[PDB]
Amino acid sequence: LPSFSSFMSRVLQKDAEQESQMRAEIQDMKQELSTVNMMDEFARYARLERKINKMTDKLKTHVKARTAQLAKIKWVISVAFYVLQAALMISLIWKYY
Amino acid sequence: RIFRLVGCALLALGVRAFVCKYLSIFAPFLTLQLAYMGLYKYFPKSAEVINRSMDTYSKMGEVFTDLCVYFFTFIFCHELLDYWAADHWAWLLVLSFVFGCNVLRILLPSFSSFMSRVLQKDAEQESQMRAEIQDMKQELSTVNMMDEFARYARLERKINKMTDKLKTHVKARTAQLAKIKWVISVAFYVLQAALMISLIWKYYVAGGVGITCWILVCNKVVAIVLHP
Amino acid sequence: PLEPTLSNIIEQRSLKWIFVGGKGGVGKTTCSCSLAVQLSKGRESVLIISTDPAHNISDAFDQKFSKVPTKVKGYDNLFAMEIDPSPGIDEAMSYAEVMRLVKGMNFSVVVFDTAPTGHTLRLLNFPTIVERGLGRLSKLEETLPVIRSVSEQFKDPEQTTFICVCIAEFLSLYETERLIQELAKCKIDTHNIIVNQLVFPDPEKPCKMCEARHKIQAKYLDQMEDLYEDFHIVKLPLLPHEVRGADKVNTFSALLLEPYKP
Amino acid sequence: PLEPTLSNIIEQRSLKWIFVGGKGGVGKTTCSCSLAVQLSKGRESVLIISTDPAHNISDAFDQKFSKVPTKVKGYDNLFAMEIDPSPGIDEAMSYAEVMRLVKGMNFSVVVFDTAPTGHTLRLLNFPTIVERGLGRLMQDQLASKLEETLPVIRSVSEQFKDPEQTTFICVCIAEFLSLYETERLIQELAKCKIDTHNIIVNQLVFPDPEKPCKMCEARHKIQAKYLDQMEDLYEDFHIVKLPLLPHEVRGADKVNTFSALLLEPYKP
Ligand SMILES: [Zn+2]
């Protein structure tokens with residue numbers, strides 16, 4: 001488990017870079033928004049929420065799909081685990097025979 | 001998918017019909033030729049490592065079923081001949097055993113329904129509560145806003161109040177009975193594990209694995225067929 | 001920038017469903033009946049359907065109505081109706097009966113008037129989901145087609161459309177923004193934001209509050225334009241409290257063809 | 001019946017936090033400024049705060065300010081403040097910092113101008129949660145920081161739920177949507193158990209037959225109806241109406257006139 005987690009993270013570093021930079025700028029402009037008047041700039045302000053929503057929801061659904069394939073990799077490692085029980089099973093089999 | 005299964009069922013029937021007759025020394029080879037028939041038949045009808053893994057699990061499950069089914073075929077063409085010792089009672093007893101274990105894993109919902117002894121006294125109150133909240137909202141629906149905000153808000157706060165009262169009551173009950181069922185479940189669970197260890201000591205290697213085969217490889221299939 | 005006339009909504013055949021929306025002290029019934037009266041001219045026969053529990057169609061049209069769709073006094077093709085009937089199955093069956101009786105008349109355009117809280121077609125999508133789960137495990141089958149039909153009817157960006165209606169106040173503006181986003185999320189189409197209660201003063205009136213609000217509302221209206229150049233805009237000046245009734249409806253609906261000139 | 005003036009607030013000596021809230025185009029900053037200018041007279045020293053991003057205090061006073069209290073010309077007790085940055089530990093740290101500095105320097109009363117989007121009182125619920133966690137988890141500079149916050153946070157919390165030293169002023173306008181908003185707001189506050197006795201209204205037209213203008217009576221009737229159903233539904237809470245002011249005078253003069261009108265009951 002720890003070893004595999006190390007490998008998955010080391011390959012998933014591309015995701016861990018992109019998600020980081022994205023959310024980073026996200027808060028950057030969220031703070032910008034917080035410094036935007038709600039009476040003389042509502043138009044640009046509205047462009048900004050629409051942008052935030054599009055970015056967030058799209059990448060977020062992407063995250064659902066990524067975590068889906070991730071749980072598929074947990075199910076193939078669970079198959080690997082079931083192979084390790086079959087392994088130790090044949091081990092006792094030969095310990096007898 | 002179901003048709004291939006009943007096909008292997010008729011295969012099993014043929015195996016019972018003639019394998020024990022022992023016309024030749026061919027039992028395992030005929031086993032694996034009948035298996036090849038279906039194995040090949042799959043293709044006409046029908047990343048890379050992922051595709052293999054899904055199939056491997058499916059085939060292992062089916063073969064394990066079929067292989068031990070071939071063993072059952074030696075257990076029935078000869079049971080009639082017995083009528084034509086202690087061992088045949090020993091086979092019969094594990095039938096009862098596993099009927100009991102699975103009627104209790106299906107009895108667990110009976111305990112869920114048995115919670116209704118106190119859930120009746122709960123239901124009467126909660127149901128009356130609902131009755132009032134629904135009629136209050138239905139009357140609320142017949143109220144305008146621009147000229148009747150006063151009555152609107154009056155009813156809204158009344159409903160919302162009784163509503164939150166009801167949610168809290170129901171949540172408490174559910175969040176109580178849930179642990180109750182969890183604990184009674186683990187309880188009889190370790191009691192069937194106790195029954196297994198009991199039979200294991202009663203028969204204190206081939207026999208043990210065989211027992212496991214009869215209690216699972218077959219029964220779980222029967223359960224998925226009759227009470228999926 | 002487009003033009004301040006509803007030429008598109010009038011000059012189109014494929015439309016069959018028009019939905020009007022908007023909270024606040026907005027004359028939803030007034031603008032509904034207005035669009036209906038104008039649309040009727042070009043079209044063949046128009047069936048107005050209310051949902052607001054205030055039934056202001058009765059007020060504006062001085063006749064009594066019921067769950068039966070009926071004719072309209074002083075008119076030829078105008079047709080009115082209203083249903084307050086607008087666990088989770090009997091509501092869906094009532095709505096299915098409604099839509100069946102609608103298809104039976106098969107009116108070219110069935111304009112609605114949504115109520116104070118939200119939109120009635122967001123709700124309709126719930127029964128199908130639960131229905132499919134129930135099937136997984138009679139009347140529901142029959143019911144199914146009469147619904148998938150109108151579901152395509154609605155998902156089409158060419159046969160149905162939305163017309164939100166707003167007042168020149170920041171709260172209503174933010175609300176209408178939220179509404180437009182929620183709609184575009186739920187995959188409907190839209191092209192129209194009527195504004196309403198527009199004052200139009202002149203120097204003949206030395207009133208100063210009428211100029212303070214004038215500048216405020218003006219400024220807001222222009223910020224409104226900036227953010228909606230894509231969509232059309234429909235200026236629609238506030239009418240005196242003098243005339244109320246058929247007089248009003250006629251006069252008011254006249255504005256939805258030519259731009260207003262004070 | 002119930003006095004249309006703010007006598008209770010102006011007369012009470014245990015007040016320490018006077019929140020002001022309410023969405024819409026209302027000039028809540030101006031109303032709070034007026035309340036402060038009036039409160040200072042009888043009391044000893046009043047410290048305004050602010051959280052709106054528009055910094056309306058600036059345009060209302062023609063002075064610059066920063067993250068540090070500061071005197072304002074023509075007043076000996078009014079001190080201005082604003083906080084534009086206003087993890088979770090460091091958020092609590094910044095809030096604790098402002099609380100300690102605002103309260104230590106012999107300040108009898110603190111006035112807030114909450115933003116028109118959200119609510120920050122409820123925040124305190126997050127700390128107390130953490131507190132339970134801290135003991136339960138056990139059973140350097142961060143541990144010391146946590147120690148210096150929880151007693152302070154929990155101490156500053158009781159003055160708020162206390163109905164005799166913390167007071168909320170919602171403000172709304174006479175129109176449906178805003179009325180319903182300030183309704184739901186009152187209900188949610190009463191749920192979170194915070195005292196409240198006062199609903200200022202604003203932008204009130206007051207016409208006379210001298211003006212043959214028709215809209216001035218159409219809105220007038222509208223305002224009448226709404227204001228009266230509002231009274232009916234809030235007879236308990238004090239109602240203190242304020243007239244709309246013309247655009248000629250903007251500045252200290254409008255501040256002191258609103259102040260007078262809030263002190264004494266309005267009559268045209
Ligand atoms: Zn006027």
# chains A, B, ... in the order shown; residues from 1 in each chain; ligands from 1

call {"tool": "residues_near_ligand", "arguments": {"ligand": "ligand 1", "cutoff": "12 Å", "atoms": "only C-alpha atoms and all ligand atoms", "output": "count of residues only"}}
result
32

call {"tool": "interface_residues", "arguments": {"of": "chain B", "to": "chain D", "cutoff": "9 Å", "atoms": "only C-alpha atoms", "output": "PyMOL selection string"}}
result
chain B and resi 145-151+153-154+157

call {"tool": "write_last_selection", "arguments": {"atoms": "N, CA and C atoms", "output": "PDB file, in the first residue's frame"}}
result
ATOM      1  N   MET B 145     -48.920  36.455  -1.515  1.00  0.00           N
ATOM      2  CA  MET B 145     -47.740  37.019  -0.866  1.00  0.00           C
ATOM      3  C   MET B 145     -47.854  38.531  -0.740  1.00  0.00           C
ATOM      4  N   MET B 146     -48.030  39.223  -1.871  1.00  0.00           N
ATOM      5  CA  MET B 146     -48.021  40.682  -1.932  1.00  0.00           C
ATOM      6  C   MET B 146     -48.956  41.306  -0.906  1.00  0.00           C
ATOM      7  N   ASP B 147     -50.093  40.665  -0.642  1.00  0.00           N
ATOM      8  CA  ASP B 147     -51.082  41.215   0.272  1.00  0.00           C
ATOM      9  C   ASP B 147     -51.306  40.349   1.505  1.00  0.00           C
ATOM     10  N   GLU B 148     -50.526  39.275   1.687  1.00  0.00           N
ATOM     11  CA  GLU B 148     -50.753  38.393   2.825  1.00  0.00           C
ATOM     12  C   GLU B 148     -49.442  37.862   3.399  1.00  0.00           C
ATOM     13  N   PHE B 149     -48.365  38.648   3.282  1.00  0.00           N
ATOM     14  CA  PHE B 149     -47.074  38.207   3.801  1.00  0.00           C
ATOM     15  C   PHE B 149     -47.154  37.888   5.289  1.00  0.00           C
ATOM     16  N   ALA B 150     -47.974  38.632   6.037  1.00  0.00           N
ATOM     17  CA  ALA B 150     -48.101  38.411   7.474  1.00  0.00           C
ATOM     18  C   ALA B 150     -48.510  36.973   7.781  1.00  0.00           C
ATOM     19  N   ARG B 151     -49.625  36.530   7.192  1.00  0.00           N
ATOM     20  CA  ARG B 151     -50.075  35.160   7.403  1.00  0.00           C
ATOM     21  C   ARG B 151     -49.078  34.172   6.821  1.00  0.00           C
ATOM     22  N   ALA B 153     -45.721  34.336   6.544  1.00  0.00           N
ATOM     23  CA  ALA B 153     -44.620  34.129   7.476  1.00  0.00           C
ATOM     24  C   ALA B 153     -45.087  33.456   8.760  1.00  0.00           C
ATOM     25  N   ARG B 154     -46.278  33.808   9.261  1.00  0.00           N
ATOM     26  CA  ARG B 154     -46.779  33.151  10.468  1.00  0.00           C
ATOM     27  C   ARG B 154     -46.826  31.635  10.284  1.00  0.00           C
ATOM     28  N   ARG B 157     -43.139  30.053   9.783  1.00  0.00           N
ATOM     29  CA  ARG B 157     -42.399  29.810  11.016  1.00  0.00           C
ATOM     30  C   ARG B 157     -43.023  28.680  11.824  1.00  0.00           C
TER      31      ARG B 157
END

call {"tool": "interface_residues", "arguments": {"of": "chain B", "to": "chain C", "cutoff": "8 Å", "atoms": "only C-alpha atoms", "output": "list in words"}}
result
residues 142, 143, 144 and 146 of chain B

call {"tool": "closest_atom_pairs", "arguments": {"of": "chain D", "to": "chain A", "cutoff": "9 Å", "atoms": "only C-alpha atoms", "output": "JSON lines"}}
result
{"residue": "D:25", "atom": "CA", "partner": "A:39", "partner_atom": "CA", "distance": 8.6}
{"residue": "D:53", "atom": "CA", "partner": "A:35", "partner_atom": "CA", "distance": 6.2}
{"residue": "D:54", "atom": "CA", "partner": "A:37", "partner_atom": "CA", "distance": 5.9}
{"residue": "D:84", "atom": "CA", "partner": "A:35", "partner_atom": "CA", "distance": 8.0}

call {"tool": "residues_around", "arguments": {"residues": "residue C:113", "least_positions_apart": "5", "cutoff": "9 Å", "atoms": "only C-alpha atoms", "output": "count of residues only"}}
result
12

call {"tool": "interface_residues", "arguments": {"of": "chain A", "to": "chain B", "cutoff": "10 Å", "atoms": "only C-alpha atoms", "output": "VMD selection string"}}
result
chain A and resid 72 to 73 75 to 76 79 to 80 82 93 96

call {"tool": "write_last_selection", "arguments": {"atoms": "C-alpha atoms", "output": "PDB file, in the first residue's frame"}}
result
ATOM      1  CA  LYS A  72     -10.825   0.964 -10.705  1.00  0.00           C
ATOM      2  CA  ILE A  73      -7.110   0.772  -9.960  1.00  0.00           C
ATOM      3  CA  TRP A  75     -10.216  -2.839  -7.682  1.00  0.00           C
ATOM      4  CA  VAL A  76      -7.412  -4.231  -9.841  1.00  0.00           C
ATOM      5  CA  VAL A  79      -7.768  -8.554  -7.582  1.00  0.00           C
ATOM      6  CA  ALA A  80      -3.995  -8.632  -7.057  1.00  0.00           C
ATOM      7  CA  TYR A  82      -7.041 -11.993  -4.046  1.00  0.00           C
ATOM      8  CA  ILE A  93      -1.142 -26.803  -0.337  1.00  0.00           C
ATOM      9  CA  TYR A  96       1.208 -30.362   2.857  1.00  0.00           C
TER      10      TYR A  96
END

call {"tool": "residues_around", "arguments": {"residues": "residue D:266", "least_positions_apart": "6", "cutoff": "9 Å", "atoms": "only C-alpha atoms", "output": "count of residues only"}}
result
5

call {"tool": "closest_atom_pairs", "arguments": {"of": "chain C", "to": "chain A", "cutoff": "10 Å", "atoms": "only C-alpha atoms", "output": "tab-separated table"}}
result
residue	atom	partner	partner_atom	distance
C:170	CA	A:39	CA	8.1
C:173	CA	A:42	CA	9.6
C:174	CA	A:42	CA	8.9
C:177	CA	A:46	CA	8.1
C:178	CA	A:46	CA	9.8
C:181	CA	A:50	CA	8.1
C:219	CA	A:40	CA	9.3
C:220	CA	A:39	CA	9.0
C:223	CA	A:43	CA	6.7
C:224	CA	A:43	CA	7.8
C:225	CA	A:43	CA	9.4
C:226	CA	A:43	CA	7.0
C:227	CA	A:43	CA	5.3
C:228	CA	A:43	CA	9.1

call {"tool": "atom_distance", "arguments": {"atom1": "atom CA of residue B:69", "atom2": "atom CA of residue B:211"}}
result
13.6 Å

call {"tool": "closest_residue", "arguments": {"among": "D:23, D:71, D:16, D:197", "to": "chain C", "atoms": "only C-alpha atoms"}}
result
D:23

call {"tool": "closest_residue", "arguments": {"among": "D:93, D:192, D:174, D:146", "to": "chain C", "atoms": "only C-alpha atoms"}}
result
D:174

call {"tool": "residues_around", "arguments": {"residues": "residue B:132", "least_positions_apart": "3", "cutoff": "12 Å", "atoms": "only C-alpha atoms", "output": "PDB file with N, CA and C atoms, in the first residue's frame"}}
result
ATOM      1  N   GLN B 125     -46.975   8.673  16.981  1.00  0.00           N
ATOM      2  CA  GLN B 125     -46.630  10.072  17.229  1.00  0.00           C
ATOM      3  C   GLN B 125     -46.150  10.746  15.949  1.00  0.00           C
ATOM      4  N   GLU B 126     -45.111  10.177  15.328  1.00  0.00           N
ATOM      5  CA  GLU B 126     -44.501  10.792  14.152  1.00  0.00           C
ATOM      6  C   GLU B 126     -45.533  11.006  13.046  1.00  0.00           C
ATOM      7  N   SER B 127     -46.467  10.066  12.900  1.00  0.00           N
ATOM      8  CA  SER B 127     -47.482  10.134  11.858  1.00  0.00           C
ATOM      9  C   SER B 127     -48.459  11.263  12.140  1.00  0.00           C
ATOM     10  N   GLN B 128     -48.914  11.380  13.393  1.00  0.00           N
ATOM     11  CA  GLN B 128     -49.745  12.529  13.740  1.00  0.00           C
ATOM     12  C   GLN B 128     -49.010  13.829  13.432  1.00  0.00           C
ATOM     13  N   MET B 129     -47.715  13.879  13.775  1.00  0.00           N
ATOM     14  CA  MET B 129     -46.904  15.061  13.500  1.00  0.00           C
ATOM     15  C   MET B 129     -46.956  15.388  12.017  1.00  0.00           C
ATOM     16  N   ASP B 135     -51.140  19.170   6.444  1.00  0.00           N
ATOM     17  CA  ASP B 135     -52.324  20.011   6.258  1.00  0.00           C
ATOM     18  C   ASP B 135     -51.965  21.489   6.391  1.00  0.00           C
ATOM     19  N   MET B 136     -51.023  21.819   7.275  1.00  0.00           N
ATOM     20  CA  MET B 136     -50.617  23.214   7.398  1.00  0.00           C
ATOM     21  C   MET B 136     -49.992  23.731   6.106  1.00  0.00           C
ATOM     22  N   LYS B 137     -49.093  22.954   5.489  1.00  0.00           N
ATOM     23  CA  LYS B 137     -48.528  23.393   4.213  1.00  0.00           C
ATOM     24  C   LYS B 137     -49.579  23.467   3.108  1.00  0.00           C
ATOM     25  N   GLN B 138     -50.527  22.524   3.079  1.00  0.00           N
ATOM     26  CA  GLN B 138     -51.551  22.591   2.040  1.00  0.00           C
ATOM     27  C   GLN B 138     -52.366  23.869   2.182  1.00  0.00           C
ATOM     28  N   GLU B 139     -52.743  24.227   3.417  1.00  0.00           N
ATOM     29  CA  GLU B 139     -53.444  25.493   3.606  1.00  0.00           C
ATOM     30  C   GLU B 139     -52.548  26.676   3.260  1.00  0.00           C
ATOM     31  N   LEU B 155     -47.414  31.192   9.172  1.00  0.00           N
ATOM     32  CA  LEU B 155     -47.507  29.758   8.930  1.00  0.00           C
ATOM     33  C   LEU B 155     -46.134  29.168   8.652  1.00  0.00           C
ATOM     34  N   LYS B 158     -44.361  28.565  11.817  1.00  0.00           N
ATOM     35  CA  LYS B 158     -44.979  27.481  12.580  1.00  0.00           C
ATOM     36  C   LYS B 158     -44.578  26.132  11.995  1.00  0.00           C
ATOM     37  N   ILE B 159     -44.769  25.976  10.681  1.00  0.00           N
ATOM     38  CA  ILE B 159     -44.434  24.716  10.032  1.00  0.00           C
ATOM     39  C   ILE B 159     -42.969  24.405  10.298  1.00  0.00           C
ATOM     40  N   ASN B 160     -42.057  25.264   9.821  1.00  0.00           N
ATOM     41  CA  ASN B 160     -40.613  25.082   9.962  1.00  0.00           C
ATOM     42  C   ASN B 160     -40.253  24.614  11.369  1.00  0.00           C
ATOM     43  N   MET B 162     -42.296  22.982  13.781  1.00  0.00           N
ATOM     44  CA  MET B 162     -42.708  21.590  13.981  1.00  0.00           C
ATOM     45  C   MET B 162     -41.918  20.646  13.076  1.00  0.00           C
ATOM     46  N   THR B 163     -41.535  21.133  11.898  1.00  0.00           N
ATOM     47  CA  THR B 163     -40.771  20.366  10.927  1.00  0.00           C
ATOM     48  C   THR B 163     -39.433  19.950  11.519  1.00  0.00           C
ATOM     49  N   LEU B 166     -39.786  17.369  14.127  1.00  0.00           N
ATOM     50  CA  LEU B 166     -39.976  16.047  13.533  1.00  0.00           C
ATOM     51  C   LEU B 166     -38.670  15.457  13.008  1.00  0.00           C
TER      52      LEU B 166
END

call {"tool": "residues_around", "arguments": {"residues": "stretch 160-162 of chain C", "least_positions_apart": "5", "cutoff": "8 Å", "atoms": "only C-alpha atoms", "output": "list in words"}}
result
residues 15, 16, 17, 18, 19, 20, 21, 153, 154, 188, 189, 190, 191 and 192 of chain C

call {"tool": "residues_around", "arguments": {"residues": "residue C:122", "least_positions_apart": "4", "cutoff": "9 Å", "atoms": "only C-alpha atoms", "output": "list in words"}}
result
residues 118, 126 and 186 of chain C

call {"tool": "write_last_selection", "arguments": {"atoms": "N, CA, C and O atoms", "output": "PDB file, in the first residue's frame"}}
result
ATOM      1  N   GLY C 118     -39.636  29.897  -8.609  1.00  0.00           N
ATOM      2  CA  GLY C 118     -38.814  29.043  -9.451  1.00  0.00           C
ATOM      3  C   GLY C 118     -39.412  28.779 -10.826  1.00  0.00           C
ATOM      4  O   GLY C 118     -39.849  29.701 -11.511  1.00  0.00           O
ATOM      5  N   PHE C 126     -37.999  14.997 -12.139  1.00  0.00           N
ATOM      6  CA  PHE C 126     -37.806  14.038 -11.049  1.00  0.00           C
ATOM      7  C   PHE C 126     -38.508  12.706 -11.300  1.00  0.00           C
ATOM      8  O   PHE C 126     -37.877  11.655 -11.090  1.00  0.00           O
ATOM      9  N   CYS C 186     -29.347  24.024 -16.715  1.00  0.00           N
ATOM     10  CA  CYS C 186     -30.327  22.968 -16.951  1.00  0.00           C
ATOM     11  C   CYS C 186     -30.664  22.801 -18.435  1.00  0.00           C
ATOM     12  O   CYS C 186     -31.618  22.093 -18.771  1.00  0.00           O
TER      13      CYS C 186
END

call {"tool": "select_by_dssp", "arguments": {"residues": "stretch 28-157 of chain C", "states": "strand (DSSP E)", "output": "JSON, numbers by chain"}}
result
{"C": [46, 47, 49, 50, 78, 79, 110, 111, 112, 113]}

call {"tool": "write_last_selection", "arguments": {"atoms": "N, CA, C and O atoms", "output": "PDB file, in the first residue's frame"}}
result
ATOM      1  N   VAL C  46     -54.259  30.759 -29.341  1.00  0.00           N
ATOM      2  CA  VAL C  46     -53.333  30.843 -28.214  1.00  0.00           C
ATOM      3  C   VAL C  46     -54.064  30.473 -26.926  1.00  0.00           C
ATOM      4  O   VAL C  46     -55.167  30.966 -26.665  1.00  0.00           O
ATOM      5  N   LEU C  47     -53.465  29.577 -26.137  1.00  0.00           N
ATOM      6  CA  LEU C  47     -54.053  29.087 -24.887  1.00  0.00           C
ATOM      7  C   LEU C  47     -53.201  29.514 -23.694  1.00  0.00           C
ATOM      8  O   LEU C  47     -52.176  28.889 -23.403  1.00  0.00           O
ATOM      9  N   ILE C  49     -52.132  29.792 -19.863  1.00  0.00           N
ATOM     10  CA  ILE C  49     -52.219  28.916 -18.697  1.00  0.00           C
ATOM     11  C   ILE C  49     -51.533  29.606 -17.527  1.00  0.00           C
ATOM     12  O   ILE C  49     -50.344  29.933 -17.608  1.00  0.00           O
ATOM     13  N   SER C  50     -52.273  29.826 -16.448  1.00  0.00           N
ATOM     14  CA  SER C  50     -51.717  30.422 -15.244  1.00  0.00           C
ATOM     15  C   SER C  50     -51.169  29.347 -14.314  1.00  0.00           C
ATOM     16  O   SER C  50     -51.508  28.167 -14.415  1.00  0.00           O
ATOM     17  N   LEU C  78     -58.406  34.037 -28.705  1.00  0.00           N
ATOM     18  CA  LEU C  78     -57.878  33.988 -27.347  1.00  0.00           C
ATOM     19  C   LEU C  78     -58.525  32.861 -26.551  1.00  0.00           C
ATOM     20  O   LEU C  78     -59.746  32.689 -26.572  1.00  0.00           O
ATOM     21  N   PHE C  79     -57.697  32.093 -25.847  1.00  0.00           N
ATOM     22  CA  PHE C  79     -58.168  31.002 -25.006  1.00  0.00           C
ATOM     23  C   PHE C  79     -57.425  31.060 -23.682  1.00  0.00           C
ATOM     24  O   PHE C  79     -56.194  31.149 -23.666  1.00  0.00           O
ATOM     25  N   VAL C 110     -48.659  27.374 -26.534  1.00  0.00           N
ATOM     26  CA  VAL C 110     -49.182  27.350 -25.173  1.00  0.00           C
ATOM     27  C   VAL C 110     -48.284  28.155 -24.231  1.00  0.00           C
ATOM     28  O   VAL C 110     -47.275  27.657 -23.721  1.00  0.00           O
ATOM     29  N   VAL C 111     -48.629  29.420 -24.010  1.00  0.00           N
ATOM     30  CA  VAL C 111     -47.807  30.283 -23.169  1.00  0.00           C
ATOM     31  C   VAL C 111     -48.175  30.082 -21.707  1.00  0.00           C
ATOM     32  O   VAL C 111     -49.356  30.020 -21.347  1.00  0.00           O
ATOM     33  N   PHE C 112     -47.158  29.998 -20.852  1.00  0.00           N
ATOM     34  CA  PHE C 112     -47.331  29.821 -19.420  1.00  0.00           C
ATOM     35  C   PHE C 112     -47.153  31.137 -18.671  1.00  0.00           C
ATOM     36  O   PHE C 112     -46.830  32.181 -19.242  1.00  0.00           O
ATOM     37  N   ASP C 113     -47.389  31.071 -17.362  1.00  0.00           N
ATOM     38  CA  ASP C 113     -47.085  32.142 -16.412  1.00  0.00           C
ATOM     39  C   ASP C 113     -46.632  31.446 -15.130  1.00  0.00           C
ATOM     40  O   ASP C 113     -47.456  31.081 -14.288  1.00  0.00           O
TER      41      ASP C 113
END

call {"tool": "closest_residue", "arguments": {"among": "D:116, D:87, D:246, D:251", "to": "chain C", "atoms": "only C-alpha atoms"}}
result
D:246

call {"tool": "select_by_dssp", "arguments": {"residues": "stretch 99-190 of chain D", "states": "helix (DSSP H, G or I)", "output": "JSON, numbers by chain"}}
result
{"D": [99, 100, 101, 102, 103, 104, 121, 122, 123, 124, 125, 126, 127, 128, 129, 130, 131, 132, 133, 134, 135, 136, 137, 138, 141, 142, 143, 144, 145, 146, 147, 148, 149, 150, 151, 152, 153, 154, 155, 156, 157, 158, 159, 160, 161, 176, 177, 178, 179, 180, 181, 182, 183, 184, 185, 186, 187, 188, 189, 190]}

call {"tool": "closest_residue", "arguments": {"among": "C:132, C:23, C:67, C:248", "to": "chain D", "atoms": "only C-alpha atoms"}}
result
C:23

call {"tool": "decode", "arguments": {"residues": "stretch 86-97 of chain A", "atoms": "N, CA and C atoms", "output": "compact mmCIF listing (two decimals), in the first residue's frame"}}
result
# COMPACT_ATOMS: atom_id res chain seq x y z
N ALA A 86 -4.79 -16.53 -3.05
CA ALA A 86 -4.65 -17.79 -3.77
C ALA A 86 -3.21 -18.29 -3.73
N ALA A 87 -2.25 -17.36 -3.73
CA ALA A 87 -0.83 -17.71 -3.63
C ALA A 87 -0.54 -18.39 -2.31
N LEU A 88 -0.83 -17.71 -1.19
CA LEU A 88 -0.56 -18.33 0.10
C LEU A 88 -1.38 -19.61 0.29
N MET A 89 -2.49 -19.74 -0.44
CA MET A 89 -3.29 -20.95 -0.36
C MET A 89 -2.54 -22.12 -0.97
N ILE A 90 -2.08 -21.95 -2.22
CA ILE A 90 -1.26 -22.98 -2.84
C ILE A 90 0.03 -23.18 -2.05
N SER A 91 0.46 -22.17 -1.29
CA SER A 91 1.65 -22.35 -0.46
C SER A 91 1.39 -23.40 0.61
N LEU A 92 0.30 -23.25 1.38
CA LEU A 92 -0.03 -24.31 2.34
C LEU A 92 -0.32 -25.63 1.63
N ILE A 93 -0.91 -25.58 0.43
CA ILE A 93 -1.14 -26.80 -0.34
C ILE A 93 0.16 -27.57 -0.52
N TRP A 94 1.23 -26.87 -0.89
CA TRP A 94 2.50 -27.55 -1.12
C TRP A 94 3.21 -27.86 0.19
N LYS A 95 3.04 -27.01 1.21
CA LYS A 95 3.48 -27.32 2.56
C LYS A 95 2.95 -28.67 3.02
N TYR A 96 1.73 -29.02 2.59
CA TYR A 96 1.21 -30.36 2.86
C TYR A 96 1.79 -31.37 1.87
N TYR A 97 1.47 -31.23 0.59
CA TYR A 97 1.89 -32.19 -0.42
C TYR A 97 3.41 -32.17 -0.60
